[PDB]
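Reading through the structure tokens given below for one structure.
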Amino acid sequence: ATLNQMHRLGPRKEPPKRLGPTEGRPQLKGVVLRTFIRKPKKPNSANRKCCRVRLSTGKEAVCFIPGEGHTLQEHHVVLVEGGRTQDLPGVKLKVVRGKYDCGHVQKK
Amino acid sequence: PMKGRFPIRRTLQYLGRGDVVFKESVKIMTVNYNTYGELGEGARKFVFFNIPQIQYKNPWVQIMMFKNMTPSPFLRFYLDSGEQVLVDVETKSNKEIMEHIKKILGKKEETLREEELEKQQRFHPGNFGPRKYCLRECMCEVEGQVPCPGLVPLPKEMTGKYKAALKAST
Amino acid sequence: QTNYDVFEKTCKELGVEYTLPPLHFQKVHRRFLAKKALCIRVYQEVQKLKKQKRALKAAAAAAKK
Amino acid sequence: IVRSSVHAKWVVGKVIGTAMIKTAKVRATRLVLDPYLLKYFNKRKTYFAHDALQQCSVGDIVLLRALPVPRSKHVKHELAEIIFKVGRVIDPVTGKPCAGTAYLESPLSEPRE
Amino acid sequence: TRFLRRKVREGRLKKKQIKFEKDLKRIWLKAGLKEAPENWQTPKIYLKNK
RNA sequence: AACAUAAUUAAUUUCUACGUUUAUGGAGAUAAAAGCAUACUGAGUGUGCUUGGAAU
RNA sequence: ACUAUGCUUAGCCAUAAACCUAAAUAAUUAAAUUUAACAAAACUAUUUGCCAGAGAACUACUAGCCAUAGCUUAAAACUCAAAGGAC
RNA sequence: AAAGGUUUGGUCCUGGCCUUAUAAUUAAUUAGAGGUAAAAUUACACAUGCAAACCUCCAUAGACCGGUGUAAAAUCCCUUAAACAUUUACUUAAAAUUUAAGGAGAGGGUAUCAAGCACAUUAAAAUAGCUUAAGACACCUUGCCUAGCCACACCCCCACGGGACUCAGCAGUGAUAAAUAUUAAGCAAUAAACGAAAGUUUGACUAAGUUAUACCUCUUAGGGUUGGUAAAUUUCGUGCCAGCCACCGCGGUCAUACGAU
Ligand code: FES
Ligand SMILES: [K+]
Ligand SMILES: [K+]
Ligand SMILES: [K+]
Ligand SMILES: [K+]
Ligand SMILES: [K+]
Ligand SMILES: [Mg+2]
Ligand SMILES: [Mg+2]
Ligand SMILES: [Mg+2]
Ligand SMILES: [Mg+2]
Ligand SMILES: [Mg+2]
Ligand SMILES: [Mg+2]
Ligand SMILES: [Mg+2]
Ligand SMILES: [Mg+2]
Ligand SMILES: [Mg+2]
Ligand SMILES: [Mg+2]
Ligand SMILES: [Mg+2]
Ligand SMILES: [Mg+2]
Ligand SMILES: [Mg+2]
Ligand SMILES: [Mg+2]
Ligand SMILES: [Mg+2]
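Chains as they are written, first to last, in the UniProt record's numbering: chain B, 31 to 138; chain W, 2 to 171; chain Z, 173 to 237; chain S, 3 to 115; chain H, 151 to 200.
As structure tokens, this is what we get:
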């Protein structure tokens with residue numbers, strides 16, 4: 031662009047950073063609604079443990095439960111955090127192990 | 002590569018090289034110059050090279066430039082009294098034009114130095130306060146004075162916690 | 173812009189009317205021409221009412237005097 | 003005879019309109035430094051000026067004097083001088099009529115008409 | 151689904167006319183007139199006039 | 001709506017009471033010779049145009 | 001085999017790979033410059049228009065228009081770590 | 001940026017995403033004490049206590065300090081004029097502090113907001129003008145100008161009036177939120193108010209209490225990681241399972257990538 035064109039337009043317009051699953055918040059608290067399995071996109075082949083939760087904001091989201099084995103059930107309380115599950119499409123939330131009803135993986 | 006011809010003209014160092022600081026009387030400087038010709042070459046260079054420097058040092062002066070309106074290039078200054086100073090810059094180099102206008106309507110070096118000294122009259126080296134305005138925020142920084150308790154713990158006897166305990170004991 | 177005296181004779185002799193370029197371009201379409209016509213009409217009516225009120229107000233004052 | 007408050011005690015501009023009675027619309031331009039580019043561009047302002055004699059024509063350069071008291075909401079200046087008349091310029095250096103970069107009357111001659 | 155598109159087009163243009171008419175009523179009412187200017191009838195500009 | 005009392009130290013009362021916005025078919029996952037524009041039908045063909053096909 | 005149509009005279013439609021896929025101008029052929037590669041040797045100055053990862057999308061909505069499946073203007077959610085070009 | 005990883009059969013170009021640096025908050029695991037700074041989910045609702053007096057009556061003060069970011073593109077800088085609910089002197093001139101009217105210039109977003117609709121001039125009251133792609137008007141969001149300044153003070157933009165009827169003063173409580181300081185001591189210091197004054201008052205403030213949020217001084221050692229980017233895995237179990245990934249990717253029986261060690 032010419033200097034006259036740069037002057038008339040000024041600095042480049044920067045669209046604001048889009049909010050993610052946590053809505054620009056470190057963590058959210060949600061109530062478990064259902065516990066189900068999600069199938070990772072091929073080439074990945076597994077039965078990943080996830081749960082649907084109603085977050086404090088009022089929306090409903092799917093959250094991956096990390097660790098080998100969880101005791102979560104409906105009506106339980108959990109603290110979810112950010113971080114996408116790469117193989118699971120649409121799963122942008124994860125459960126925090128060791129907070130509220132969710133407990134640390136049981137080393138056996 | 003910086004765009005345009007002579008991109009050095011768009012640097013703060015170049016703009017600060019201007020030496021023509023007009024007197025407070027000067028209000029407007031109209032520039033009449035011709036884009037084609039041989040006797041108006043110095044005027045064209047003056048608009049190209051010097052007008053940016055003049056405006057930089059004289060932000061409140063209205064510089065308006067007119068092209069191809071008269072047979073010869075000239076400068077006309079309008080003063081606050083109502084006087085009009087016509088200058089003829091035909092067959093004159095851009096450097097000659099700058100020196101001429103400096104002589105007739107430019108502040109002298111002595112006057113400018115006095116204003117610079119006057120501007121800083123209220124800054125005192127001894128004054129304490131924020132870094133933006135003062136050299137030292139607190140007297141703890143000075144050598145020989147009691148240092149800041151955060152950096153160096155104060156003696157127990159100089160602390161309110163200790164003094165209060167003794168008063169209870171008494 | 174250069175020789176106004178010659179300009180005046182040329183237009184008069186050649187019979188050419190010169191209109192100056194308008195500072196601002198005006199868009200034209202059915203919605204604009206209809207809204208712009210009403211706005212002019214509304215204004216004129218308001219000013220006509222004001223003139224009538226001024227005449228009546230002055231007439232009453234004159235009678236009192 | 004106190005002077006105006008407005009900063010623009012003296013402004014030069016071009017008469018861009020003359021359709022108001024005894025008033026001339028004048029466009030002035032100043033140079034403003036672009037902070038990113040460090041280049042000067044033209045910032046133009048419009049000034050209403052009192053033309054007592056209606057002696058102004060579109061396209062002519064004029065000098066305005068700040069009025070001591072604002073005549074109206076927008077009229078805060080008067081016509082001090084017509085620096086250049088549209089098409090009727092008189093060279094300041096020589097004093098002879100000109101039409102562009104040329105002399106309608108040679109400076110060597112002394113018509114005194 | 152073109153039939154619906156024509157149906158949507160004819161209903162969209164009708165709302166477009168009402169918005170035009172209402173905007174004209176706002177102007178004269180704000181100016182202080184209690185009736186539209188004499189001999190004025192809002193032109194129907196979105197109907198099949200051509 | 002807004003007068004008047006007083007006045008041989010000086011004061012008193014009056015100084016009103018319409019419209020406009022938000023909300024409760026389409027496109028995307030886990031896998032359980034050609035082309036462009038356009039018309040018709042169904043990609044087939046028509047008319048013009050391009051070589052990002054080919055031709056000694 | 002035959003029709004809309006290609007033709008004419010009056011109105012409308014405003015679309016092409018409407019592309020030489022090259023914006024328009026004034027330069028220079030030296031900067032010891034294939035400054036990717038293929039096209040069409042390279043490069044400089046000036047002015048305007050335009051562009052800012054991909055699909056969603058020559059789409060939705062808005063506005064203009066003798067057009068009414070159209071034309072011009074033109075998003076977001078969404079989803080990904082590619083998409084794309086020359087060899 | 002001194003860069004790195006990542007499209008392909010391969011090479012080159014283009015182009016995004018990600019990594020490495022720095023910080024704030026919350027969270028998991030972990031931790032001795034001491035000095036310092038800071039303290040912060042919500043303009044949602046609030047039990048209780050306190051936060052403004054002084055003083056020979058009159059007055060003065062409670063218009064400040066303190067708190068919050070409600071509203072508004074709201075502002076900055078500058079000019080002019082006048083004041084003050086003031087001070088100090090003179091019985092009149094220096095200041096501090098404001099107010100009002102303005103403007104050289106600067107000042108967020110959307111142009112699918114493109115026209116606004118009286119927004120102008122003259123001063124016999126006529127003229128038809130004014131702003132606008134050099135961005136008017138409309139709508140949306142936002143405290144900014146940071147020795148500090150602006151705006152607000154339950155709501156009704158205001159507060160005669162009306163009503164959802166008062167902690168956005170300190171400390172506390174409920175609800176809410178990922179978010180968690182004492183219902184504390186003293187007017188000794190400085191500041192403010194009052195008094196002629198000895199003095200009096202102050203949840204300003206001062207000195208403490210609380211908390212790894214930060215730095216300093218010490219002293220215990222814990223947390224994570226170990227395919228590549230990118231410093232560092234030895235034996236076993238599992239076998240596209242269970243799991244792991246910021247990106248590329250790993251696991252279908254010789255796993256440096258998952259789990260234990
Ligand atoms: S900063 Fe000076 S005593 Fe702390
Ligand atoms: K790259
Ligand atoms: K923690
Ligand atoms: K308020
Ligand atoms: K005290
Ligand atoms: K360790
Ligand atoms: Mg062609
Ligand atoms: Mg036929
Ligand atoms: Mg739209
Ligand atoms: Mg914590
Ligand atoms: Mg305060
Ligand atoms: Mg706000
Ligand atoms: Mg409250
Ligand atoms: Mg209020
Ligand atoms: Mg409180
Ligand atoms: Mg209060
Ligand atoms: Mg905290
Ligand atoms: Mg106390
Ligand atoms: Mg005193
Ligand atoms: Mg093994
Ligand atoms: Mg391992």
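Every residue, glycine too, gets a C-beta built ideally from N, C-alpha and C.
Three Cβ pairs or more, each shorter than 8 Å: is that satisfied between the segment 13-24 of chain W and the segment 47-66 of chain W? In short, these stretches touch, since the Cβ pair count reaches three.
For a cutoff of 8 Å on Cβ pairs, would you count residue 73/S as touching chain Z? Here residue 73/S refers to the residue found at position 71 of the fourth sequence. Answer no: the Cβ-Cβ gap between residue 73/S and chain Z never drops below 8 Å.
Under 8 Å between beta-carbons, which chain Z residues line up against residue 195/H? List them in chain order, please. Start at 1 with the first residue of the fifth sequence, and residue 195/H comes out as number 45. In chain order: 202, 203, 206.
Pick out the complete beta strand (DSSP E) segments inside the segment 21-83 of chain W, 3 residues or longer, and give them in chain order. Correct list: 27-34, 63-68, 75-80.
Closer than 8 Å is the cut-off here; do at least three beta carbon pairs connect the segment 87-106 of chain W with the segment 34-47 of chain W? Because the criterion of three Cβ pairs below 8 Å is met, the segment 87-106 of chain W and the segment 34-47 of chain W touch.
Closer than 8 Å at the beta carbon, the chain S residues around residue 195/Z: As a first step, residue 195/Z is located in the third sequence; it is residue number 23 there, counting from the start. At a C-beta separation below 8 Å, residue 195/Z has these neighbours in chain S: 18, 19.
Residue burial classification, residue 58/S (beta-carbon count within 10 angstroms, cutoff 16): Indexing the fourth sequence from 1 puts residue 58/S at position 56. Residue 58/S is buried by the Cβ-count criterion.
Which residues, in order along the segment 85-104 of chain S, keep a beta-carbon less than 7 Å from a beta-carbon of chain Z? Going along the segment 85-104 of chain S in chain order, one finds 88, 89, 90, 101, 102 with a Cβ nearer than 7 Å to chain Z.
Spatial distance of residue 106/B from residue 46/B (CA atoms): As a working note, residue 106/B is residue 76 in the first sequence. As a working note, residue 46/B is residue 16 in the first sequence. Straight-line measurement puts the Cα of residue 46/B at about 35 Å from the Cα of residue 106/B.
Is the shortest distance between the beta-carbon of residue 153/H and the beta-carbons of chain Z less than 8 Å? For the purposes of this step, residue 153/H is taken as the residue at position 3 of the fifth sequence. With respect to chain Z, the C-beta atom of residue 153/H has no partner C-beta closer than 8 Å.
Hey, quick one: how far does the beta strand (DSSP E) through residue 34/B stretch, first residue to last? In the first sequence, counting from the first residue as 1, residue 34/B sits at position 4. Element bounds for residue 34/B: not the beta strand (DSSP E) but the alpha helix (DSSP H), 33-39.
In whole angstroms, what is the alpha-carbon distance linking residue 67/W and residue 197/Z? Reading the second sequence from its first residue, position 66 is the one you call residue 67/W. Reading the third sequence from its first residue, position 25 is the one you call residue 197/Z. Looking at the two C-alpha atoms, the distance is approximately 25 Å.
Say whether chain Z places a C-beta atom closer than 8 Å to the C-beta of residue 61/S. Counted from its first residue, the fourth sequence places residue 61/S at position 59. Using a Cβ-Cβ cut-off of 8 Å, residue 61/S counts as an interface residue toward chain Z, since at least one Cβ of chain Z sits closer than that to its own.
For residue 89/W, which beta-bridge partners are listed by DSSP? Looking up residue 89/W in the second sequence gives position 88. Residue 89/W is bridged by DSSP to 75/W.
Chain B partners of residue 45/S, CB-CB under 7 Å? Along the fourth sequence, read from residue 1 onward, the residue named residue 45/S stands at position 43. Annotation: residue 45/S has no Cβ neighbours in chain B at a cutoff of 7 Å; minimum Cβ distance is about 11 Å.
Would the segment 49-63 of chain B count as touching the segment 78-86 of chain B if we require 3 or more Cβ pairs under 8 Å? Flag = yes, the segment 49-63 of chain B and the segment 78-86 of chain B touch.
Since residue 121/B and residue 92/B are thought to touch, with beta carbons under 8 Å apart, how far apart are those beta carbons, to the nearest angstrom? Here residue 121/B refers to the residue found at position 91 of the first sequence. Here residue 92/B refers to the residue found at position 62 of the first sequence. The C-beta distance from residue 121/B to residue 92/B rounds to 5 Å, short enough to fall under 8 Å.
What does a CB cutoff of less than 8 Å around residue 146/W pick up in its chain, not counting 5 residues either side in sequence? Here residue 146/W corresponds to residue number 145 of the second sequence, with the count starting at 1. In the same chain as residue 146/W, and ignoring 5 residues on each side of it, the C-beta atoms closer than 8 Å to its own belong to 140, in chain order.
Given residue 33/S as reference, the closest of 25/W, 55/W, 118/W once Cα atoms are compared: Translated into the one-based positions of the fourth sequence, residue 33/S becomes position 31. The candidate whose alpha carbon is nearest that of residue 33/S is 55/W.
Could you have a look at residue 181/Z and say whether DSSP puts it in helix, strand or coil? Working through the third sequence from its first residue, we reach residue 181/Z at position 9. The answer is helix: DSSP assigns residue 181/Z an H, G or I state.
With a threshold of 8 Å, are at least 3 pairs of Cβ atoms found where one atom belongs to the segment 8-26 of chain S and the other to the segment 41-58 of chain S? Taking 8 Å as the limit for Cβ pairs, the verdict is that the segment 41-58 of chain S does touch the segment 8-26 of chain S.
Sort 99/S, 36/S, 77/S by Cα distance to residue 112/S and report the nearest one. Locating residue 112/S in the fourth sequence gives position 110, where the first residue counts as 1. If we check each option's Cα against that of residue 112/S, 99/S comes out closest.
Pull up the CB-CB distance for residue 129/W and residue 137/W, whole angstroms please, since I reckon it's below 8 Å. Against the second sequence, residue 129/W aligns to sequence position 128. Against the second sequence, residue 137/W aligns to sequence position 136. About 5 Å separates the two Cβ atoms, so the contact holds.
Given this structure, state the Cα-to-Cα distance separating residue 101/S from residue 197/H, to the nearest angstrom. The sequence position of residue 101/S within the fourth sequence is 99, counting from 1. The sequence position of residue 197/H within the fifth sequence is 47, counting from 1. Residue 101/S and residue 197/H have their C-alpha atoms spaced approximately 57 Å apart.
Chain-ordered chain S contacts of residue 192/Z [CB-CB under 7 Å]: Residue 192/Z sits at position 20 when you count from the first residue of the third sequence. Those within 7 Å of residue 192/Z in chain S are 60.
Tell me which residues of the segment 136-158 of chain W have at least one Cβ-Cβ distance to chain S shorter than 7 Å, keeping chain order. For the segment 136-158 of chain W, the set of positions with a beta-carbon nearer than 7 Å to some beta-carbon of chain S is empty.
Chain H contacts from the segment 212-223 of chain Z (Cβ-Cβ distance under 7 Å): For the segment 212-223 of chain Z, the set of residues with a beta-carbon nearer than 7 Å to any beta-carbon of chain H comprises 213, 214, 217, 218, in chain order.
On the criterion of 16 or more Cβ atoms from any shown chain inside 10 Å, does residue 41/S qualify as buried, or is it exposed? Counted from its first residue, the fourth sequence places residue 41/S at position 39. With 16 or more other Cβ atoms inside 10 Å of its own Cβ, residue 41/S counts as buried.
Residue closest to residue 39/S, alpha-carbon to alpha-carbon, out of 171/W, 42/W, 13/W, 155/W: Along the fourth sequence, read from residue 1 onward, the residue named residue 39/S stands at position 37. Considering only alpha carbons, the answer is 13/W.
Would you be able to state if there are at least three C-beta pairs under 8 Å between the segment 153-160 of chain H and the segment 168-175 of chain H? By the C-beta criterion, the segment 168-175 of chain H is judged not to be in contact with the segment 153-160 of chain H, since fewer than 3 inter-stretch pairs fall below 8 Å.
On the three-state DSSP scale, how would you describe residue 96/S? Taking the fourth sequence and counting its residues from 1, the one referred to as residue 96/S is at position 94. Here residue 96/S sits in coil by DSSP.
Mind listing the chain S neighbours of residue 79/W? Cutoff is C-beta to C-beta under 8 Å, in chain order. For the purposes of this step, residue 79/W is identified with residue 78 of the second sequence, where counting begins at 1. Those are 12, 14, 65, listed as they occur along chain S.
Does the CB of residue 173/Z have a neighbour CB from chain S at under 8 Å? Start at 1 with the first residue of the third sequence, and residue 173/Z comes out as number 1. It does; some Cβ of chain S falls within 8 Å.
Top-ranked residue by Cα proximity to residue 72/W, from 80/W, 101/W, 85/W, 39/W: Position 71 of the second sequence, counted from the first residue, corresponds to residue 72/W. Measuring from the Cα of residue 72/W, the nearest candidate turns out to be 39/W.
Could you tell me the alpha carbon to alpha carbon distance between residue 87/W and residue 76/W, rounded to whole angstroms? Along the second sequence, read from residue 1 onward, the residue named residue 87/W stands at position 86. Along the second sequence, read from residue 1 onward, the residue named residue 76/W stands at position 75. Between the alpha carbons of residue 87/W and residue 76/W lies a gap of roughly 6 Å.
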